[PDB]
Amino acid sequence: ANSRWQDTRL
Amino acid sequence: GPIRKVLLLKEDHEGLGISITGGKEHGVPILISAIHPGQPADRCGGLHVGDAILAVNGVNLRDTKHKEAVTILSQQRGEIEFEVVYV
């Protein structure tokens, strides 16, 4: 499980 | 929970008006993190933050990595159907 997730605007 | 099929109509010069996070590399679905005011998702309705996007235009997003989902989502045009479930 990763603490950091990318977040992308579409 | 209920899987909703949600319609959104987009002009070519517009974005979807959503932000997404999550993905296979994090062990979670593609999740909606924001709905941007005034853009197609907001105008058309039916999507909400925390929704997992299971499919878009019949293309399965269940086991996609984040960048894969960005690609597929960004390539959809016009009348777009999402299948989502709130998590």
# chains A, B, ... in the order shown; residues from 1 in each chain; ligands from 1
>>> select_by_dssp(residues="chain B", states="strand (DSSP E)", output="number ranges by chain")
B: 4-9, 18-23, 28-35, 51-56, 59-60, 79-86
>>> write_last_selection(atoms="N, CA, C and O atoms", output="tab-separated table (two decimals), in the first residue's frame")
chain	number	residue	atom	x	y	z
B	4	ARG	N	-23.69	2.76	-11.05
B	4	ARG	CA	-24.47	3.70	-11.85
B	4	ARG	C	-23.85	3.93	-13.21
B	4	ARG	O	-22.64	4.03	-13.33
B	5	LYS	N	-24.69	4.02	-14.25
B	5	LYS	CA	-24.21	4.38	-15.57
B	5	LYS	C	-24.50	5.86	-15.72
B	5	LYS	O	-25.65	6.29	-15.58
B	6	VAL	N	-23.46	6.65	-15.98
B	6	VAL	CA	-23.59	8.11	-15.95
B	6	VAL	C	-23.17	8.73	-17.27
B	6	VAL	O	-22.08	8.45	-17.77
B	7	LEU	N	-24.04	9.57	-17.82
B	7	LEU	CA	-23.80	10.20	-19.10
B	7	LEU	C	-23.20	11.60	-18.95
B	7	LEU	O	-23.58	12.37	-18.06
B	8	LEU	N	-22.26	11.92	-19.83
B	8	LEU	CA	-21.61	13.22	-19.84
B	8	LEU	C	-21.42	13.57	-21.31
B	8	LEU	O	-20.99	12.72	-22.10
B	9	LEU	N	-21.75	14.80	-21.67
B	9	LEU	CA	-21.52	15.27	-23.03
B	9	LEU	C	-20.45	16.34	-22.99
B	9	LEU	O	-20.51	17.28	-22.19
B	18	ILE	N	-13.01	16.42	-14.29
B	18	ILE	CA	-12.81	15.61	-13.09
B	18	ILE	C	-11.32	15.44	-12.87
B	18	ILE	O	-10.53	15.57	-13.81
B	19	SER	N	-10.94	15.17	-11.62
B	19	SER	CA	-9.59	14.71	-11.33
B	19	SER	C	-9.70	13.28	-10.83
B	19	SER	O	-10.67	12.93	-10.17
B	20	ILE	N	-8.71	12.46	-11.15
B	20	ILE	CA	-8.70	11.08	-10.68
B	20	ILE	C	-7.42	10.76	-9.93
B	20	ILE	O	-6.38	11.36	-10.17
B	21	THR	N	-7.51	9.80	-9.02
B	21	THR	CA	-6.37	9.31	-8.26
B	21	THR	C	-6.50	7.80	-8.16
B	21	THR	O	-7.39	7.21	-8.77
B	22	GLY	N	-5.60	7.14	-7.42
B	22	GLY	CA	-5.68	5.69	-7.29
B	22	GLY	C	-5.10	4.95	-8.49
B	22	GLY	O	-4.32	5.52	-9.25
B	23	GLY	N	-5.47	3.69	-8.65
B	23	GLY	CA	-4.91	2.87	-9.70
B	23	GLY	C	-4.22	1.61	-9.20
B	23	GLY	O	-3.89	1.49	-8.02
B	28	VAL	N	-5.72	0.08	-5.46
B	28	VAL	CA	-7.08	0.60	-5.37
B	28	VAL	C	-7.63	0.92	-6.76
B	28	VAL	O	-6.88	1.04	-7.72
B	29	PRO	N	-8.96	1.08	-6.87
B	29	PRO	CA	-9.54	1.47	-8.16
B	29	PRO	C	-9.08	2.86	-8.58
B	29	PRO	O	-8.46	3.58	-7.80
B	30	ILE	N	-9.41	3.22	-9.81
B	30	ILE	CA	-9.33	4.60	-10.25
B	30	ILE	C	-10.45	5.34	-9.53
B	30	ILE	O	-11.62	4.99	-9.67
B	31	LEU	N	-10.10	6.36	-8.74
B	31	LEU	CA	-11.10	7.04	-7.90
B	31	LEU	C	-11.25	8.50	-8.31
B	31	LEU	O	-10.26	9.15	-8.63
B	32	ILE	N	-12.47	9.02	-8.31
B	32	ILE	CA	-12.66	10.45	-8.55
B	32	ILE	C	-12.27	11.27	-7.31
B	32	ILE	O	-12.80	11.06	-6.21
B	33	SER	N	-11.34	12.20	-7.50
B	33	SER	CA	-10.87	13.05	-6.37
B	33	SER	C	-11.45	14.46	-6.38
B	33	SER	O	-11.40	15.16	-5.35
B	34	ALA	N	-11.98	14.91	-7.52
B	34	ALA	CA	-12.54	16.26	-7.61
B	34	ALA	C	-13.47	16.35	-8.80
B	34	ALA	O	-13.25	15.69	-9.81
B	35	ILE	N	-14.50	17.18	-8.66
B	35	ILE	CA	-15.37	17.54	-9.78
B	35	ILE	C	-15.26	19.05	-9.95
B	35	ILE	O	-15.53	19.80	-9.01
B	51	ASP	N	-16.16	8.14	-5.96
B	51	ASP	CA	-16.59	7.11	-6.91
B	51	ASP	C	-15.39	6.37	-7.49
B	51	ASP	O	-14.40	6.99	-7.89
B	52	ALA	N	-15.48	5.05	-7.55
B	52	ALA	CA	-14.55	4.26	-8.34
B	52	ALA	C	-15.09	4.20	-9.77
B	52	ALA	O	-16.25	3.87	-9.98
B	53	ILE	N	-14.24	4.50	-10.74
B	53	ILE	CA	-14.66	4.40	-12.13
B	53	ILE	C	-14.36	2.99	-12.60
B	53	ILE	O	-13.19	2.60	-12.73
B	54	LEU	N	-15.41	2.20	-12.81
B	54	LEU	CA	-15.24	0.81	-13.24
B	54	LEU	C	-15.02	0.67	-14.74
B	54	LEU	O	-14.34	-0.26	-15.20
B	55	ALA	N	-15.64	1.56	-15.51
B	55	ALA	CA	-15.52	1.54	-16.97
B	55	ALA	C	-15.88	2.90	-17.54
B	55	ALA	O	-16.61	3.68	-16.90
B	56	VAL	N	-15.37	3.18	-18.74
B	56	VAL	CA	-15.75	4.36	-19.50
B	56	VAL	C	-15.93	3.97	-20.98
B	56	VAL	O	-15.04	3.37	-21.59
B	59	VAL	N	-15.01	0.47	-21.86
B	59	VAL	CA	-13.63	0.07	-21.58
B	59	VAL	C	-13.40	-0.08	-20.07
B	59	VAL	O	-13.57	0.87	-19.31
B	60	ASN	N	-12.99	-1.28	-19.67
B	60	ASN	CA	-12.82	-1.64	-18.26
B	60	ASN	C	-11.62	-0.92	-17.66
B	60	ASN	O	-10.51	-1.01	-18.20
B	79	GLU	N	-20.25	12.03	-26.53
B	79	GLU	CA	-21.16	11.43	-25.57
B	79	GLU	C	-20.44	10.30	-24.84
B	79	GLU	O	-20.09	9.30	-25.45
B	80	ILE	N	-20.22	10.47	-23.54
B	80	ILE	CA	-19.38	9.55	-22.79
B	80	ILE	C	-20.15	8.89	-21.64
B	80	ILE	O	-20.80	9.59	-20.88
B	81	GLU	N	-20.08	7.57	-21.53
B	81	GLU	CA	-20.79	6.85	-20.48
B	81	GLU	C	-19.82	6.26	-19.48
B	81	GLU	O	-18.96	5.45	-19.86
B	82	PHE	N	-19.95	6.65	-18.22
B	82	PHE	CA	-19.12	6.11	-17.16
B	82	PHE	C	-19.93	5.05	-16.44
B	82	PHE	O	-21.16	5.14	-16.38
B	83	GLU	N	-19.27	4.04	-15.90
B	83	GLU	CA	-19.89	3.15	-14.95
B	83	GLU	C	-19.09	3.30	-13.66
B	83	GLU	O	-17.87	3.09	-13.64
B	84	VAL	N	-19.78	3.70	-12.59
B	84	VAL	CA	-19.13	4.06	-11.34
B	84	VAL	C	-19.82	3.42	-10.15
B	84	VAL	O	-21.01	3.14	-10.19
B	85	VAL	N	-19.08	3.22	-9.08
B	85	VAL	CA	-19.66	2.79	-7.82
B	85	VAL	C	-18.99	3.56	-6.68
B	85	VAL	O	-17.76	3.66	-6.64
B	86	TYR	N	-19.79	4.11	-5.79
B	86	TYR	CA	-19.22	4.85	-4.66
B	86	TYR	C	-18.57	3.88	-3.67
B	86	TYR	O	-19.17	2.87	-3.29
>>> interface_residues(of="chain A", to="chain B", cutoff="6 Å", atoms="only C-alpha atoms", output="list in words")
residues 1, 2, 6, 7, 8, 9 and 10 of chain A
>>> select_by_dssp(residues="range 11-86 of chain B", states="helix (DSSP H, G or I)", output="count of residues only")
17
>>> atom_distance(atom1="CA of residue 4 in chain A", atom2="CA of residue 68 in chain B")
17.5 Å
>>> atom_distance(atom1="CA of residue 75 in chain B", atom2="CA of residue 12 in chain B")
10.3 Å
>>> atom_distance(atom1="CA of residue 38 in chain B", atom2="CA of residue 11 in chain B")
13.3 Å
